[PDB]
Structure formats: C-alpha cells, structure tokens
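A single chain, nothing else alongside it, follows as structure tokens in the form deposited in one PDB entry.
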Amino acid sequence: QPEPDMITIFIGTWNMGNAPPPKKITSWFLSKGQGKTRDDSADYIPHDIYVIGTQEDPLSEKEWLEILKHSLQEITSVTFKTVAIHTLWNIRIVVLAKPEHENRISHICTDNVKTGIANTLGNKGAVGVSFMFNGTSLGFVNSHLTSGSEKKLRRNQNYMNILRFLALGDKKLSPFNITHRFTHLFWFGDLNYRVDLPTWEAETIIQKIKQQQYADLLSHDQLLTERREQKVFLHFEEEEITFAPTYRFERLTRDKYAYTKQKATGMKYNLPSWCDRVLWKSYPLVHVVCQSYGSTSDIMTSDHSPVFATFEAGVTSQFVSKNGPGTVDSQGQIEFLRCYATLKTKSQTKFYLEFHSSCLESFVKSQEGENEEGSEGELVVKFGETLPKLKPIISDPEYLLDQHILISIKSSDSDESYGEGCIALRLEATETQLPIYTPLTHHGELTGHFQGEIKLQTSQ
C-alpha cells in the first residue's frame, strides 16, 4: 500500500450565530453553492483531512462531532476518525481524517490564544491544531477576530497576537512562530474584515451583489487592502473571491442582507462583507493548489453563510536510510556561500545565524557575521564563506531535494531573533552554486532579507 505524495484537505469556516445548524449541511463539505465550486463527479470522493472551524458555536463538542461525522458518512460512506477537537469559548476547531491515515498522523498539538485586554478579553481569539502527516507538518488556525467596520487595526493586532502566542508544532523550533513551523499552514475564520464603503451606499452594494458584480466591492475589502499594504497576513495566499459577501444575512433566507444599525448590533451598521475567509502559507516550492473556494447557499440558520476551501497539498514519506535517522550520511552536505542578511534594525549588536531543519540531527549555530552599513541606511551582516557545512541525516536526493532550511538571525547580545525565513532545497541542480533568497520576518512583520548562494551535495 503506497504512501501518498499528495492529499486533499477540506477547510470549512462557519460563524453559526449561536444557533443550531439545520438538519442537512452536506453542501458545505461538497463545496457546492457560490464561488469556485467542486465538480459533481467528485461528490463521493472523500478528502483526506477535513478541518472545520466554527465561531459563535452553541453546540457541545459531542453534539457537533456527531453532526460532522454523520454528514461525512452520508456523503462518502466512510467513518472518519477524530484527530483533534479544541474549543475556546464558542470558537472551535475539529480535524477529521480518513481511517487509512490514522497511523500516518502523529505529534498532534492544540492551543488557543485569547485576544484583547479587560473590556476586549472574553470572546475573541483563536484555536489551532497541528500534526505531522508522514514527513509533512500541517498547521490549522481558526480565528474569530474583533468585529466592527472601524476596527481593522484591532483585527491586525489580533492577528499578530495569535501568530506570536499560539504554541503549535515543534517546540524545538524556538525562534520560529507558526508562520514558519509548518510545510502547510491554513488560517481561516471569521476574520471580520469589512467592505469599507459609506453607510449611505448600502442599497447600492446590495444591487451590485444581486448582479454578481463583486469587483467594486472587493477593491474596498479591508483584508485585501490591508494585505496589499503589508499590514497583515504577510506572505499568505488567498484564492480569488467569486462568491457573494457571507455576512450579514437575515436568518432562514439568503434573500436579504440585514445591514441597518440596531440595539442588538450596538447601533453599528453591518454592510455586506466577506467576513469569513481561508488563507494559507506553504514552504517555498511545495505543491499547494486551491481546488474550491466558495460559500453555501442552502444553510441559513446563521447570519453568516458557511465558507469552504479545498486544497491539493504535497506530502512526503517518513524516510529511512541505512544511515539516518540516528546518524549523518557523509554523502550529503549543504553549503551556504557569500551569504548576507540585510536588516531594518537600528541596533548595532553582532548577529549569528541558526539553521533549523528536520534533515539535521539538531539546529546549527553559525559564527558571528561582519556588520557593514548599506548605502541607503541599512544594516548588512556578511557571513562570507564562514558558515558551518550542514550535515543532513539522509543524502538520497529523493529525500533531500524535498527539504527546507529555516534561518533565524539572532543578536549575540540578547539571543533574540531579529528575523526568520525559509530556504527550499528543491534546487535546479546539485553540486552547483545557486542563488537563494528569503525575506526575513519577526512577529510576522518584515525585518529584512537573507540572500546568497547554496551548494547541495546529494548521493547522486
């Protein structure tokens, strides 16, 4: 029975509006409704993994698990296994997998982050799950961010708190936040970004939605505009939105958007918005393809419609050679040559690198680099040909060319990371000096760049 080199992943996000679901929710898991939808010919084909995020979820874990599992069994005739379930307040994540995957999944982690302070602490935040699927790390975050059209900056702050403080994945990757710990990271939820148009334009916006003319609305979507200005979700992807705004509907129909201010809304307008989103970030040159992104039309218990996204995702096998794991393979080496970091910092400490990768027995610390001044004000840290030669555990090119090296640049004075990035070993050639490059981030914001050349020796 061969190990897979691809899986499909279903991501669902639904703000349930504190109401129980209707009796049938199968359209959600079938990716049917509006937007980029799944072909009917695939309806019986189970996804490998289903990740369900809910917000304002009124159900117990048991109640929702029974609905989800019975839904999938009706669609696929497969009884899915529960990988993980985690709930913070009314924010929940469920991971289900096909039974054949039970002994491919390990290192399951869960965590939550509570956002805000005092007034603003008590219902918003995020839950997450991570695990290994054979040789591939997978992370999933369901966040319910701050509501209200005039709170985009608070949402951006909520995002940074969640990626700083959510403790998923390999804790040995200590310099790295969740945006670097996984081969594939999926971040979804009620992100609560709104279409920023004047209140007076409510009926005009409704008109546009009825005509399925989303361009002039999407150009005012706060998440797209904040991402384009690098204020949030730096280096994440989102599929093009081709479905109507998923909020705010009158319940029990989809014929009406309920946007006007009410005591129940704190006298706030809720212009039709794409509150409910799926984004992802995968390591460089790993296969990931969005095969659906849309909303259901027939689930109407909430003032939000459910959103679905599905993905092809490249995965690798749990590789054993005669040498590693448990020793190095002298036929393998990674050399970083003529490398330099460009940092935005004004500090003047010395810096060193750390190289982290599951292709190494443990992380590797470099010597300190040589600081110079860049022509436009910047710090340039030069490493020359001084960097330690990295000794992978396995030299086989079918393994090594699928690996990645995480890089942290750390202050000698404080041992704090000033920047993190990732280099793919999926090179055009081995035994050949080739350009490499990663942006460097810290707390998910851009802090610099790392560039240079690599020379990779494999057993071939």
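The first residue of the sequence shown is number 1, and the count goes up from there.
Unshown form deposited with a small molecule bound; subsequent notes refer to it.
Proximity to the small molecule in the deposited complex, defined as a heavy atom within 4.5 Å, singles out one entry of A258, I206, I108, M300, which is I108. The contact residue chosen from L379, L271, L390, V83 relative to the small molecule in the deposited complex is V83, the criterion being a non-hydrogen atom within 4.5 angstroms. You can rule out all but one of 75-83, 261-269, 197-205, 301-309: in the deposited complex, only 75-83 has residues with a heavy atom within 4.5 Å of the small molecule. Among heavy atoms of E102, some come within 4.5 Å of the small molecule in the deposited complex.
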